[PDB]
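# Report on the structure
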Amino acid sequence: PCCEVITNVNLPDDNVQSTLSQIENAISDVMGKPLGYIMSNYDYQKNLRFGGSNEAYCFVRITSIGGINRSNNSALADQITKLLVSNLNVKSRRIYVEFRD
């Protein structure tokens, strides 16, 4: 699967790499998928806005094949949100996680 983090939070490369790594480990864990199938990215979009505001915000897009489990999907979004909250300085309310296939 694929996890694209689209955010206006400027994070240094090491913090980006470790964050994506923890996220991959959660995907692997929750979804039962070896790390060899997993793509991730942190796409820094300084002009990104939500709610009429350019304050820190993360849009997380998770693409799998996929579209199979709700409790896995719900638990994954929860882990990723928690991971992002913990690494980024972003309010939980300013993270949106979307699933697709």
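About the criteria used
- Residues numbered from 1 in each chain as written, not as in the entry; some residues may be left out.
- Heavy atoms only, no water.
- Residues with missing side-chain atoms left out of burial classes, pairs and counts.
- Core = buried A, V, L, I, M, F, W, Y, C linked by side-chain atoms within 4.5 Å.
- Buried < 20%, exposed > 50% of the residue type's maximum accessible area, 1.4 Å probe, protein only.
- Helix = DSSP H or I, 4+ residues; strand = E, 2+ residues; numbered from the N terminus.
- Contact = heavy atoms within 4.5 Å.
- Polar contact = N/O pair within 3.5 Å; in protein donor to acceptor, adjacent residues only side chain to side chain.
- Expected span 1.5 Å × (residues − 1).

Looking at the method and resolution fields of the entry, one finds X-ray crystallography and 2.05 Å.

Before going further, it helps to examine the nonpolar core. Formed by 24 residues in total, the largest nonpolar core has its most connected members in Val5, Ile23, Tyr42, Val60, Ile62, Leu84 and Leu88. The set of elements that each furnish at least two residues to this core consists of β1 (2–7), α1 (13–31), β3 (58–63), α2 (70–88) and β4 (95–100). Ignoring any residue separated from it by four or fewer positions in sequence, one finds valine 60 in contact with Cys3, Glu4, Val5, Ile80, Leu84, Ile95, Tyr96, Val97 and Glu98.

Checked against the element boundaries, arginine 94 lands in the loop between α2 and β4. For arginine 94, the side chain forms a polar contact with the main-chain oxygen of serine 53, separated by 3.2 Å. What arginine 94 contacts, discounting residues up to four positions off in sequence, is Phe50, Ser53, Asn54, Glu55, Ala56, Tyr57 and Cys58.

Turning our eyes to something else, we now look at α2. Taking 1.5 Å of rise per residue, the 19 residues of α2 would be expected to cover 27 Å, and the 26 Å separating its terminal C-alpha atoms lies within 8% of that figure. The positive-phi residue at the C-terminal boundary of α2 is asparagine 89, with phi of around 80°.

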